[PDB]
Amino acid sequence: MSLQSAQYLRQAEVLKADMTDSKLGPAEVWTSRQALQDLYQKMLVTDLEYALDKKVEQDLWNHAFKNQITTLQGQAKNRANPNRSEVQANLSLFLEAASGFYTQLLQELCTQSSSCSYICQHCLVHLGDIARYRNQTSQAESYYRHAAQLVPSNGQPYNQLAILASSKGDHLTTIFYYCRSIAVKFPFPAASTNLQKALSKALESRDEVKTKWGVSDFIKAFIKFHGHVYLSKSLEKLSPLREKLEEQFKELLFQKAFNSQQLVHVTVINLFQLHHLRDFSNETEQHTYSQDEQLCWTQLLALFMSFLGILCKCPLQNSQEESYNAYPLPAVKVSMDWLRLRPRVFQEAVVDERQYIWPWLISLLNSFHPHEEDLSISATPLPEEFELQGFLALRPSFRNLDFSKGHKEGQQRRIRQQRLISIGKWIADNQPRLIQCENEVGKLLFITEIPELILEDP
């Protein structure tokens, strides 16, 4: 009961300051670290509630592991180390042991509660940091993922996944995870300064000299665009960069240069900025925007609608029999899921301007031979849905799916199609001027009076 903890807690503080000790030896420090570790484990297992409040979880990691790991990484990471194989070896044993401690802790604690789901997430995370420390990139990732899946609303798992991504030079992935970490009910404070720091560095490179981009170039230019907006720096760049990004996105996407994953990251990063500039509040109350803020929303919203349109064409354009599509599909779906939540965006100048994209979506919906799909909520989450849990801008789109049981294609491609068929119905019922769905004989046919934009031949 709450009474044994007080004793366990006072006991703990007695061991904590011990680890600072100037008065305890080279190896009375460790006899103390082990004790702390044990004491903390008993509390977390004995009174998780009382434990979390006192923040045992965090003191357990910092004082019992992190401090040592950093000190060790230091002494072992060349300083003209007297013996630095010896230190590297201990760091190695220490991390090996740390991993063992948390694996054990996890199994004990997790073998409805939010506090339970929490600490289990907390364990997976550090178990992920240790893997990272032990250069076990795959397992570190797997751990951080699993951690995320437990409490989508927390942003630390995402921030850790970006650090891992950055260490491998995967920029798009990195920016994506910082965004995921920042956009949740409980954002990881460090994620904001991390993104800012990353975007500012990005804006340190000059405009691309090439007129024909490779996927790697696109990514770089794409991130600077977000850099410019996010930091609201040198906006004069936006307009041309937008047009060039649009041109290149089209060519690359059509050459199959992207994988559906990057398409999702690009879309989510675009959704991140959009929401970051004007949240759901803008769909309620009317805010005033600076001239520069308008320039950003105008350029950003535009790039997004252009991309969405380009994504809806990619499918019906000229491969692998059914696979000519479906790389773009998750990105189209995500894009549409957001529009469905922002009615007032359909009134936007840059959006009216592009109502030529709807014919492409429409011919894409009838590409599915729609029937009664407005059935309706498979409830079994698709990949891109599981992946984006907790993302503010998209949260409402999830308020029906059960992410618990869910565990492969036909069951996902044919579901995603329904999701799209569903959105077309919603558009048809909420923006009648854009799309209409003639529901006849249980067969659904999507149509639009908007003519198809057919550019010149080549």
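Residue positions are given as counts along the sequence shown, with the first one as 1.
Trainee: In the deposited sequence, how many residues between residue 375 and residue 376 have no modelled coordinates (none, 1 to 3, 4 to 9, 10 or more)?
Mentor: 1 to 3 residues are missing.
Trainee: According to the entry, how many residues of the deposited sequence fall between residue 111 and residue 112 and are not modelled? Options: none, 1 to 3, 4 to 9, 10 or more.
Mentor: The entry has a long gap there, with 10 or more residues left out between residue 111 and residue 112.
Trainee: Out of 346 to 354 and 253 to 261, which one has CA B-factors that are higher on average in the deposited record?
Mentor: Mean CA B-factor is higher for 253 to 261.
Trainee: Output the stretch having the higher mean C-alpha B factor in the entry; the candidates are 224 to 232 and 102 to 110.
Mentor: Averaged over C-alpha atoms, the B-factors run higher in 102 to 110.
Trainee: With respect to the C-alpha temperature factors reported in the PDB entry, which of 69, 52, 64, 393 ranks highest?
Mentor: Largest recorded C-alpha B-factor: 52.
Trainee: Tell me which of 248, 320, 298, 166 tops the list for C-alpha B factor in the record.
Mentor: Answer for 248, 320, 298, 166: 320, with the highest C-alpha B-factor.
Trainee: Taking only the Cα B-factors deposited for this chain, tell me whether residue 86 sits in the lowest, middle or highest third.
Mentor: Highest third, going by the recorded CA B-factors of the chain.
Trainee: By the recorded C-alpha temperature factor, relative to the other modelled residues in its chain, which third is residue 325 in?
Mentor: It belongs to the highest third of the chain when residues are ordered by C-alpha B-factor.
Trainee: What third of the chain, by the recorded C-alpha B-factor, contains residue 129?
Mentor: As the PDB entry reports it, the C-alpha B-factor of residue 129 lands in the lowest third of its chain.
Trainee: Relative to the other modelled residues of the same chain, rank the CA B-factor of residue 284 and answer lowest, middle or highest third.
Mentor: Its C-alpha B-factor, which the entry lists for residue 284, ranks in the highest third among residues of this chain.
Trainee: Residue 386: which third of its chain by C-alpha temperature factor?
Mentor: Its C-alpha B-factor, which the entry lists for residue 386, ranks in the middle third among residues of this chain.
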